[PDB]
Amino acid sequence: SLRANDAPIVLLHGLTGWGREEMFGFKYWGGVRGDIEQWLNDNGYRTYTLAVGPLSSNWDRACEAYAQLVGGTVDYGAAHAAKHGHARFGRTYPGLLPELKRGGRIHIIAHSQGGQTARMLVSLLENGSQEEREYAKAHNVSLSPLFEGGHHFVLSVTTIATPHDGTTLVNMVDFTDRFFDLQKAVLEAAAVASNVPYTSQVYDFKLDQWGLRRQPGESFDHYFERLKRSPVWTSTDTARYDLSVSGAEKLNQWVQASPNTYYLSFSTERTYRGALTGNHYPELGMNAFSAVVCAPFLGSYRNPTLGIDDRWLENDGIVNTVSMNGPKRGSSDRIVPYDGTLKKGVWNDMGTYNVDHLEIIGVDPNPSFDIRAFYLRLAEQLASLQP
């Protein structure tokens, strides 16, 4: 399809993720398969990578992504910061694309929870935040342009394996310990040990606002035990909260599709239905951690109070497949099956792929998945969008 726009692509990770200089260079986008950003750039699609708080709320992540893009100091909003008890200002970025302030735009390819973040950034650009605008006036303090509303710089958003309606994984027993074991599993995939007090940061959780950071002589094992007992895990201003079925619904209540942006969604599944009671089980090849620790539960959990039933059993090892085509719980967004033409202001359901949560980004191997072809095709589709 003929390129219809020149907007660069911006990669955005989920509940795990780090920058290109982190993890000794092991890329979140590509993992053991390679470097996706490089593949796209070498193929004529200008691409950049964002790095935000993996365990932080989508709100914090959107403010971080905003500053990373246009440049400046992260501003979480005076009202938000006062309400949750963390700093109003985060770190300062030089800005990857300052031209966004003069008419330039971008496409966002987001994986996992990154899809919630991408949607929220678009929502905030378009409408800002009334609570933040009022608070600033009443307290005589400045207001980030992000909260003013009337802004727009994202032409398209593609989400991959995103828990738009949340994931039932959060309702599991010891989800807390198992979620951090997931972090440890990802560290191992990147050939990083969790019982070594690395002097270099290696994996920065970007918890500047919470005043948290791995200490000199501290291992990730020990650090994660501290994080489990910290606000980035125990408060409502967290990825943990937004990841739940409850939290994702509350998010869907205000984060709606903008009529000025094209949304594409890719779903993932890596399970088979058994013959006992119709539960789903991990297929051979699923990354070990999910197959053992997460798939079993996702494929069998049911909660009457939350409306969790049989449509939710199919999963990709981390997220329920039904939750990926677009937001539905508490959402008025419209989702339409890809018919050959991408439409604005709605979710274009691009289908379901037989790849798990980590294989889709190359963190776990899957020889049968032509990851390079997948991303080049996604880049071409975004490049085909009429501005």
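We number the residues from 1 along the sequence you see.
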(request) Between 275-283 and 261-269, point out the one with the higher average CA B-factor as the PDB entry records it. (result) 275-283
(message) On mean Cα temperature factor in this entry, is 61-69 or 329-337 the higher one?
(response) 329-337
(message) According to the Cα B-factor stored in this entry, which of the following is highest: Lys250, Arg105, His151, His84?
(response) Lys250
(request) Name the residue from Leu97, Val74, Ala136, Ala189 with the greatest C-alpha temperature factor listed in the entry. (result) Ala136
(request) Ordered by C-alpha B-factor within the chain, which third holds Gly115? Give me lowest, middle or highest, please. (result) lowest
(request) Could you tell me which third, lowest, middle or highest, the C-alpha B-factor of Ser56 occupies within its chain? (result) lowest
(request) Tell me, lowest, middle or highest third: where does the Cα B factor of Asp208 rank within its chain? (result) middle
(message) Sorting by Cα B-factor within the chain, modelled residues only, which third would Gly351 end up in: lowest, middle or highest?
(response) highest
(message) Sorting by Cα B-factor within the chain, modelled residues only, which third would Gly345 end up in: lowest, middle or highest?
(response) highest
